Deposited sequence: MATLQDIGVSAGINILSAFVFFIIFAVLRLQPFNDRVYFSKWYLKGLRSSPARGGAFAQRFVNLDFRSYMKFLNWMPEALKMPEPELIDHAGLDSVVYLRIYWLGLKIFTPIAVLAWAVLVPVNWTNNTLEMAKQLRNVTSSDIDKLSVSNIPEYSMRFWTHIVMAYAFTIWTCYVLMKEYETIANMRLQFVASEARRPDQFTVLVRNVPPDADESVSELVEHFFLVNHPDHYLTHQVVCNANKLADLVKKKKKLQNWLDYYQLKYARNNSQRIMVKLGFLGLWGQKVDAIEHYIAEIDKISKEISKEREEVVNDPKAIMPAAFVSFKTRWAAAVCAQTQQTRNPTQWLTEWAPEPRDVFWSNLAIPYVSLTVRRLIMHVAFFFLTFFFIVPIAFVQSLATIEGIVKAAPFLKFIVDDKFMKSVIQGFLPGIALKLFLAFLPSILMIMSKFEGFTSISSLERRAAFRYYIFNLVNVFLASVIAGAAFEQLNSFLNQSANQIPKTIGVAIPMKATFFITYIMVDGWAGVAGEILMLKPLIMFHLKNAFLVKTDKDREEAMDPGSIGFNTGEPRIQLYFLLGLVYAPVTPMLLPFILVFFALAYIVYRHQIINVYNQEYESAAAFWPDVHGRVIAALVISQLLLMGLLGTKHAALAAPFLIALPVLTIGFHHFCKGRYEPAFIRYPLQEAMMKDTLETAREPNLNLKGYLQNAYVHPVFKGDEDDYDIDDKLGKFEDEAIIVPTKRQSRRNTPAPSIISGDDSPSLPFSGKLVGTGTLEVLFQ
């Protein structure tokens, strides 16, 4: 209802207003400067009107930002821009023809206008990003991955070790390009022990400091609530003893793992003298058996997810299948909070009952990012970049089924107390309007505050910091959050396209959201969020794929909705929409995707040639030899 929207909007607008004021004040306090401006310290640049920050955020045009933040951050940010390019003219047209037989034909025509515009824009954006990627890569600094190919499923041999098989194999098949190699080892036990040792030290330091300040008796029952019901009577000597125990376990484990041939996985990082050679290995079949001696570009050293390297290659299919099933159940059992929320969604008292379902849904979805990253880690991927992309994919599907589809269905089920979809879709538009103001407008404004790291920064300074530069760990903003930023906005691209020929009233909320998200994230990208890995926008083709899916869904729903008119004869025309859209997808795929998947040999040659000319005496072997060993082994 209009009264509900009026009230909900006022609530979210005021919260955003207030959050920005609070932000404006907190950021001026010098004691938290390392939280709000964590970058620039990380980069060695810094030491020691409330909304002015908005226009400041618009400085640093793409080329400055790409070098400052990285390509992924810039390409990600452009997604919000993309949506404005697509939806603004849709909103204008839809409003113009829906807001004051022919209605029937109008909807059909609108579908083509919207599809065509969207496809046009996506084509141009896809191409632009591909060009950005090539320039970025061409000018990229030297990194170990440029010369390194990861070899998987090296076949077993009764006499030769993995190292021996790999060296021989490559000297024969890649003679005078082969440089060196490093065998993958199953050091997970060791790494796990080492991480625990560090955790124990933090607690020891905590208690030593607490005691030094107040020289009294400790009573910590491990967890306090459900720990082991002891007292940790000395607590300093308790943690010292626990540390001494693990220290010995670590010394022992290091000696056993480095002398245990069973710690060797049939995999290795293989390096080459030139990038050209690496480029070749990454793109050709090596042996007769298509699932042996497999090659791919190695992740850069801090993209490598070391835990997954211990998974036998051959077990990956099973892990993936199990998770396909788990995903179903995850999606399936979420219907309970959906139905709950839709039940809730039914004068000041009623406007809040109207408002709150938005929040309830948001809260139930709060732990989804965690669940999905965990199941993604279970499936082996071996890199951070791949895992984050995989989880984003699953999140997206979940939103389609649980946030959009199930909500419409559950909605109709409650309202009802054969094409019922005819009213269920426009009916529930009210819900989505409230929802977008809640995890959207208000959400983004709240995020600029960075309250979570603010608090942890200060607590660490208060209790764990003892000396200088341990404040470097306190100062950790995390990443941009591709994992949640992207599937969230895809929900909105879908809803926009679904309702543009139905309910034009939804689009103004979507447009505000895209505009807001753009300015808030641009601001933060510049000041916070140091990147954990540099992908050259590898995720872009997936973003594209998902938008196309949204077009197909909207087109199909329209066909359904207009399939009620007697002698509608809608299908002879509407069928063209998913056909042409799919055709468009394949065209763009074949024409532009190679930019993101295969490295042209010519680029490798130009790059190798120039590097040599610029640096004629590079000890490449020394450079690459110690890369990719393991962080646990120094």
In sequence order, the deposited-sequence ranges that have no modelled C-alpha atom: 1 to 2, 51 to 70, 123 to 155, 402 to 419, 491 to 501, 719 to 781
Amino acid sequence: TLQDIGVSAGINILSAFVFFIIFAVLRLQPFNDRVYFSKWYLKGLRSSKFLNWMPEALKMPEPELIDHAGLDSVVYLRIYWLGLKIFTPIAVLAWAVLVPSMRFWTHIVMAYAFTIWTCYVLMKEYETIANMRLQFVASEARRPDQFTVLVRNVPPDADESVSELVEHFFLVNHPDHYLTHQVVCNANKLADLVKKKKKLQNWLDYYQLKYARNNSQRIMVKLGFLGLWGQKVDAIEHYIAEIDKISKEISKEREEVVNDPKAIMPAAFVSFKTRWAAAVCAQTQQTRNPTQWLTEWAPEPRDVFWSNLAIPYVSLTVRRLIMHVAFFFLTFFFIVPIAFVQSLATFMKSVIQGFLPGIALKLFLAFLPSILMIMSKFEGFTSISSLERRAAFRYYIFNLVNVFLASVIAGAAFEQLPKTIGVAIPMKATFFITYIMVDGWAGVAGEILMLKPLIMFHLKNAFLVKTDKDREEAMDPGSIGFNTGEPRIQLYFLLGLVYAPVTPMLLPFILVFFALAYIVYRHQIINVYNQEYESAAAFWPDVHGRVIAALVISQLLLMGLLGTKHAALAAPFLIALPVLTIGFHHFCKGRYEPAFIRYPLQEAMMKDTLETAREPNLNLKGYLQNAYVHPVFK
From here on, numbers count along this sequence of modelled residues.
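For clarity, a rigid core is taken as the largest C-alpha set superposing within 1.5 Å between two forms.
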Would you say which of 331 to 339 and 109 to 117 moves more relative to the shown form in 5 other deposited structures of this protein, going by RMS C-alpha distance with the core superposed? 331 to 339
How do 172 to 180 and 185 to 193 compare in 5 other deposited structures of this protein: which one has C-alphas farther from this form after the rigid core is matched? 185 to 193
